[PDB]
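>
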Amino acid sequence: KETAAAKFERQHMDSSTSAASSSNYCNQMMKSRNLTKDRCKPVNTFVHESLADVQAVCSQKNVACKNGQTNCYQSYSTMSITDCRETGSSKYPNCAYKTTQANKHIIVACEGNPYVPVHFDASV
Ligand SMILES: [Cl-]
Ligand SMILES: [Cl-]
Ligand SMILES: [Cl-]
Ligand SMILES: [Cl-]
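Start counting the sequence shown at 1; every next residue gets the next number (the deposited numbering).
1. Between which two residues does the alpha helix (DSSP H) holding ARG33 run?
2. Please tell me whether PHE8 and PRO117 are closer than 8 Å, where the distance is taken between their beta carbons.
3. Shortest alpha-carbon distance to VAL43 belongs to which of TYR76, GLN11 and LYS104?
4. Classify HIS119 as helix, strand or coil using the three-state DSSP reduction.
5. What does a CB cutoff of less than 8 Å around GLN69 pick up in its chain, not counting 5 residues either side in sequence?
6. If you draw a straight line from the alpha carbon of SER89 to that of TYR97, how long is it in whole angstroms?
7. Among residues of its own chain, excluding the 5 on either side of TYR25, which ones have a beta-carbon nearer than 7 Å to its beta-carbon?
8. Skipping 5 residues on each side, what residues in its chain have a beta carbon closer than 8 Å to that of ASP53?
9. Going by C-alpha to C-alpha distance, which of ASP38, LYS1 and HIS48 sits closest to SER21?
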């Protein structure tokens, strides 16, 4: 079974680019990160910063998670992100995603020793 930290890295880190290149970014990345295997994952955010900068968020601003838990942290700085969301023309297989690039603070839930991101809660 994939660890929670590893799952977060696979689903949410893309340090290899500064920003989404084009409208096809999400179709490509959703497929390659194995987020369209049996079902199209409806919504997924990728962060275009180093792994270290995203891990560092777990020692930044402690804020409530949407679900009321208190292990969420909000990045002090904005980060380059891409939100990927299925479009109306999407139907498994042949998932289809809209790509929206933005520069926003991220909010992640953190757990473990080391205390690292295990869920992407939101962007602001
Ligand atoms: Cl793994
Ligand atoms: Cl791990
Ligand atoms: Cl997400
Ligand atoms: Cl990097």
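Cβ coordinates follow ideal geometry from the N, Cα and C atoms, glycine included.
Put simply:
1. By 1-based counting over the sequence shown, the position of residue 33 is 33. Here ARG33 belongs to no alpha helix (DSSP H), and DSSP marks it neither H nor E.
2. Taking the sequence shown and counting its residues from 1, the one referred to as residue 8 is at position 8. Taking the sequence shown and counting its residues from 1, the one referred to as residue 117 is at position 117. The answer is yes: Cβ separation under 8 Å.
3. Here residue 43 refers to the residue found at position 43 when the sequence shown is read from its first residue. When only C-alpha atoms are compared, the closest one is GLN11.
4. As a position in the sequence shown, residue 119 is number 119, starting the count at 1. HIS119 falls in the strand class under three-state DSSP.
5. In the sequence shown, the residue the question calls residue 69 occupies position 69. Here the set comprises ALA109.
6. As a first step, residue 89 is located in the sequence shown; it is residue number 89 there, counting from the start. As a first step, residue 97 is located in the sequence shown; it is residue number 97 there, counting from the start. Going by the C-alpha atoms only, they are around 9 Å apart.
7. Here residue 25 refers to the residue found at position 25 of the sequence shown. Hits under 7 Å: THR82 and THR99.
8. For the purposes of this step, residue 53 is taken as residue 53 along the sequence shown, with counting starting at 1. If we look at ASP53 and ignore the five residues flanking it on each side, its Cβ neighbours are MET79.
9. Looking up residue 21 in the sequence shown gives position 21. The candidate whose alpha carbon is nearest that of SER21 is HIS48.
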